Amino acid sequence: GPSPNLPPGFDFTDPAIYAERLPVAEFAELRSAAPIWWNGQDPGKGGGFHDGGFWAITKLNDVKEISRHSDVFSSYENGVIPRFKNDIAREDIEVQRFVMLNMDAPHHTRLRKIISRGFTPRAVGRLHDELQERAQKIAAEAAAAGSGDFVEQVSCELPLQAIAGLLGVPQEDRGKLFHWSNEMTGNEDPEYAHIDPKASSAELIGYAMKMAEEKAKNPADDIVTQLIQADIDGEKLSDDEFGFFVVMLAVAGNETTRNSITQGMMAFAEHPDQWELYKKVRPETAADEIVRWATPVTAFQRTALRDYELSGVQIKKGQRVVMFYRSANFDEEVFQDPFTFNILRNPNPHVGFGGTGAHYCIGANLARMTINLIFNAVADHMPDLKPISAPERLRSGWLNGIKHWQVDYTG
Ligand code: HEM
Ligand SMILES: CCOC(=O)c1cc2cc(-c3ccncc3)ccc2n1CCN1CCOCC1
């Protein structure tokens, strides 16, 4: 049929778009008129990839099919981040293959099995009481300030305290850990143009290898002991593997959950009836609707290892496919009234945590618990908060970020 009604040269990974808005109408146009669509990229404008473009994947069922078929659609070949600075060196993309996220089987399979010791339901549930205490304090301290930046005073700290608590990081080191974590993303935004994620990664790995050495000497009530201890078949994280895991956690669990909190509260501000129902019932289904609505990871990519026919479209070996979770989470064929914010939506088969498959977010339930604890604390301590001014968005081609949002906690 006809081509989609998009501006000439539109690129759905363009950071200049996301600094201003989510391209919600453009995604809906692809879903209607071209659900799998070749997004061409001009020479030098591919965000670190130099292959002419990629396939835009806009439907939830296609996102799931790609995610299940990891034997064909590789994470390792080009990594899963679909946009960097246009001048990034290929070596700086390939160095990212040392984190589990950018590995294929069998290397990913081994690493995932070991790391799963650190994300058992018991390990995550063991954080519930401390994270609930920290959430209440964060909301109380924010409310006491009267007004301020909701992103910084409500959204930022609890995700970072969740990473620190999972890892057993001493309190005197958590300032350093949070700094390194915050220096890992956003470097295409002018506000963060001076951050040095390579230097931060190196500092994190060095810190993490020292922690691995020390925690072998004395096991503690952390997951670190379970990670670096050989099983019957001698499987464990080496010290440097633990380091690359910490680098991966510092990124994976920080600005993702943060942006679900900020955009969850933005949704509540825009849907007062849902906020009144939340305060009354406190339904934990709200966390999944908040993740669906916030879709903190706009997109991850894969690379075809062989020719593959997807929904009538011939994907060719070597081509990239970009899974736009932000489109799939509003797919009219899957969700009843996708553009209604409904905190009771159940079941909620969103792909905010990815499509079901080998790389499905291992921190999904830790993320949901963090969200539920902070929004209970917000409801307890600042039930009448009202926005002061519009959110400032993050210039990124794959992360859907809010840098700042002024709020009157008093109302
Ligand atoms: C709302 C918050 C979060 C969102 C939206 C999110 C989203 C995602 C997505 C989209 C993926 C890729 C899934 C795929 O490719 O199929 C992923 C993977 C991953 N996430 Fe999360 N995540 C969140 C929170 C967290 C937290 C809190 C942690 C840990 C503290 C975490 C750890 C990981 C790890 C380790 C992976 C890699 C898994 C693998 O490659 O096998 N995430 N996440
Ligand atoms: C060798 C250092 O490992 C990285 O670098 C790295 C890890 C990482 C993890 C995620 C991630 C996001 C969401 N869920 C799970 C994982 C995303 C990006 C990641 N990176 C790349 C950092 N980049 C920043 C700027 O440019 C250099 C690369």
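Per the PDB entry, the recorded name for the chain is Steroid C26-monooxygenase, and the organism is Mycobacterium tuberculosis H37Rv. According to its PDB record, this entry is titled "Crystal structure of CYP125 from Mycobacterium tuberculosis in complex with an inhibitor". Quoted verbatim from the Cofactor field of the UniProt record, the comment on the chain reads "heme". Quoted verbatim from the Pathway field of UniProt, the annotation for the chain is "Steroid metabolism; cholesterol degradation."

Novice: Could you clarify how one ought to interpret the sheet that holds strand β9 (residues 386-387) in this entry?
Specialist: Where strands meet in a sheet, backbone hydrogen bonds hold them as pairs that are either parallel or antiparallel. The strand order β4-β12-β9 describes an open sheet built from three strands, whose pairing is antiparallel. Looking at which strands have only one partner, the edges of the open sheet turn out to be β4 (147-149) and β9. Relative to strand β12 (residues 406-408), β9 runs antiparallel, the two sharing two bridges. Paired with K386 across the two strands is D408, which belongs to β12.

Novice: Got a minute to help me understand the site of ligand 1 in this structure?
Specialist: Near ligand 1 there are 27 residues, and of these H108, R112, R302, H359 and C361 occur at the shortest range. The separation between an oxygen atom of ligand 1 and a polar side-chain atom of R112 is 2.8 Å. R302 is positioned with one of its side-chain polar atoms (N or O) 2.8 Å from an oxygen atom of ligand 1. Residue contributions to the shell around ligand 1 peak at three residues, all from helix α13 (residues 239-252).

Novice: Could you clarify how one ought to interpret the coordination of the iron atom of ligand 1 in this entry?
Specialist: Metal coordination angles have textbook ideals: 109.5 degrees for a tetrahedral set of four donors and 90 or 180 degrees for an octahedral set of six. Just one protein atom coordinates the iron atom of ligand 1, and that atom is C361 (SG), at 2.2 Å. Within the element layout of this structure, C361 appears in the loop between α17 (325-328) and α18 (364-381).

Novice: What should I look at first to understand helix α14 (residues 255-270) in this one?
Specialist: Because the α-helix completes a turn every 3.6 residues, residues three or four places apart line up on one side. For α14, built from 16 residues, the straight-helix expectation of 22 Å at 1.5 Å per residue is met to within 8% by its first-to-last C-alpha distance of 22 Å. Within α14, 13 of the 16 residues are buried, leaving the element largely enclosed by the surrounding structure.

Novice: I would appreciate a short explanation of the layout of surface pockets in the present structure.
Specialist: One water molecule sets the probe size; rolling that probe over the atoms shows where empty space is left. Reported here for the second largest pocket is a volume of approximately 430 Å³. Together, 20 residues line the second largest pocket, and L22, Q263, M266, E270 and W293 are the ones closest to its centre. If one sorts the elements of the lining of the second largest pocket by residue count, α14 sits on top with five residues. Residue composition of the lining of the second largest pocket, grouped by class: 13 nonpolar, three polar and four charged.

Novice: Is there a simple way to think about the packing of helix α10 (residues 171-182) against helix α11 (residues 197-217) in this case?
Specialist: To characterise two packed helices, one gives the angle between the axes of the helices and the distance between these axes. Between α10 and α11, the shortest axis-to-axis distance is 9 Å and the interhelical angle comes to 145 degrees. Seen along the crossing, α10 lies across α11 with a hand that is left-handed. For the pair α10 and α11, the contacting residues are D173, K176, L177 and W180 in the first and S200, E203, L204 and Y207 in the second. In terms of residue class, the contact of α10 with α11 is made up of four nonpolar, one polar and three charged.

Novice: Honestly, the packing of aromatic side chains in this entry has me stumped. Any pointers?
Specialist: Two measures describe an aromatic ring pair: the distance that separates the ring centres and the angle between the ring planes. Under the defined criterion, the tally for this structure stands at 25 aromatic pairs. Relative to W405, the ring of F150 lies with its centre 5.6 Å away and its plane at 70 degrees, an arrangement referred to as edge-to-face. Of this pair, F150 sits in helix α8 (residues 150-155) while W405 sits in the loop between β11 (402-404) and β12, and the two are 255 residues apart along the sequence. Residue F150 is classed as buried on the basis of its relative accessible area of 0%. The exposure class of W405 is buried, given its relative accessible area of 2%. Members of the aromatic cluster, joined through ring pairs, are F268, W275, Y278, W293, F330, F339, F341 and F375. Cation over ring: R292 sits above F335, and NZ or CZ is 5.2 Å from the ring centre. Here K403 stacks its cationic end above the ring of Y192, 5.9 Å away from the centre of that ring.

Cut-off values and rules
- We count residues from 1 along each chain, following the written sequence rather than the entry's numbering, and we skip any residue without coordinates.
- Here the convention is simple: chains get letters from A, ligands get numbers from 1, in the order in which they are written.
- Only hydrogens and water are set aside; all other atoms, that is, all heavy atoms of the structure, feed into the side-chain values.
- Residues with missing side-chain atoms are left out of burial classes, side-chain pairs and their counts.
- UniProt positions are given in the numbering used here, feature names are shortened, and annotations may be inferred rather than shown by experiment.
- Two strands make a pair as long as DSSP finds a minimum of two bridges between them.
- Each helix corresponds to a stretch of at least 4 residues labelled H or I by DSSP, and each strand to a stretch of at least 2 residues labelled E; elements are numbered beginning at the N terminus.
- What makes a residue near a molecule or strand is one non-hydrogen atom of that residue sitting within 4 Å of it.
- Polar contact criterion, stated in full: a pair of N or O atoms within 3.5 Å, where within protein one must be able to donate a hydrogen and the other to accept it, and residues adjacent in sequence count only if both atoms are side-chain atoms.
- Coordinating N, O and S atoms are those within 2.8 Å of the metal (3.2 Å for Na, K and Ca), and as water is not part of the atoms, a site may appear to have fewer donors than expected.
- Take the number of residues in a helix, subtract one, and multiply by 1.5 Å to get its expected span.
- Buried residues are those whose accessible area, probed at 1.4 Å on protein chains only, stays under 20% of the maximum for their type, while exposed residues exceed 50% and partly exposed ones sit between those limits.
- Every definition here rests on a 1 Å grid over the protein atoms only: cavities are sets of points where a 1.4 Å probe fits but cannot get out, pockets are open sets enclosed by protein on both sides within 12 Å along at least five of seven lines, and lining residues have some atom within 4 Å of a point.
- Grid points are joined across faces, edges and corners, and a volume is the space filled by probe spheres set on the points.
- Classification used: nonpolar for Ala, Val, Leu, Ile, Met, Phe, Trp, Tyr, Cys and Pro, charged for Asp, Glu, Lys and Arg, polar for all others including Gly.
- To get an axis, a line is fitted to the C-alpha atoms, and for a helix only the part in contact is used. The angle between two axes follows their N-to-C directions and goes from 0 to 180 degrees.
- For a crossing to be left-handed, the near helix must be turned anticlockwise from the far one by less than a right angle; the clockwise case is right-handed.
- Contact definition: two residues touch when any of their heavy atoms are within 4.5 Å.
- Only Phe, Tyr and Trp rings are paired, with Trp represented by its six-membered ring, and only when their centres lie within 6.5 Å; those with planes under 30 degrees apart are stacked, over 60 edge-to-face, the remainder tilted.
- Any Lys NZ or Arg CZ found within 6 Å of a ring centre and within 35 degrees of that ring's normal is scored as a charge over the ring.

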